[PDB]
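Okay, here we've got a single chain as structure tokens, the form deposited in one PDB entry, with questions on binding and movement later.
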């Protein structure tokens, strides 16, 4: 297990998200689904010139998995995945630029999507987020952070996932509405209805 410091602007943004009241927190699910959709676009595009890209799994989909016993909501996709370097260095498109100005726009949370840092909206509703991911060119890794200025990266020895990413949201006590079938259906309808991949909401 390696433990890393967040980029300064990201630590700042995370503190803001966790320690400030925002109303319309449901948009976290729109941002995660948007990210999954983009990751799906990426592998799909690569597959068009190299079909072997899909040897790690042909299905291109998004799954929503509420677990009331564990108090987790999991968003799984079979998109391009992330390498260990992605997990340590962050993705090129997440950087101080998108972050810096958005906080100054805050000081509605929903415009986070616009600035390419939508993932961190997960911290509106989750006390801890685990990102398990597998890219064609790397092994399976687990990234995790409960904020506090650091994240961990470790090999994931667990369930081999083929290719893609799982975001496990360990929900805050007062945010369990996001485990209810009806609430999740409503949010998907309102914000992610026309996403171009199947979104399957698991039943408990």
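Each form is matched to the other, and the largest set of C-alpha atoms that superpose within 1.5 Å is called the rigid core. Positions refer to the first chain, counted from 1.
The same protein also has a form deposited in another entry, omitted here; what follows describes it.
For the residue set 131, 125, 82, 94, core-aligned C-alpha shifts between the shown form and the other one reach 2 angstroms or more at a single site, 94. Positional change of residue 177 between the shown form and the other one stays under 2 Å at the C-alpha, relative to the superposed core. Core-superposed comparison between the shown form and the other one: the Cα of residue 149 travels less than 2 Å. A displacement of 2 angstroms or greater separates the C-alpha positions of residue 54 between the shown form and the other one, with the rigid core held in common.
Between this form and the other one, the CA-CA gap for residue 169 and residue 56 widens by 3 Å or more, being larger in the other form. Between residue 91 and residue 151, the C-alpha separation shrinks by 3 Å or more in the other form, relative to the conformation displayed.
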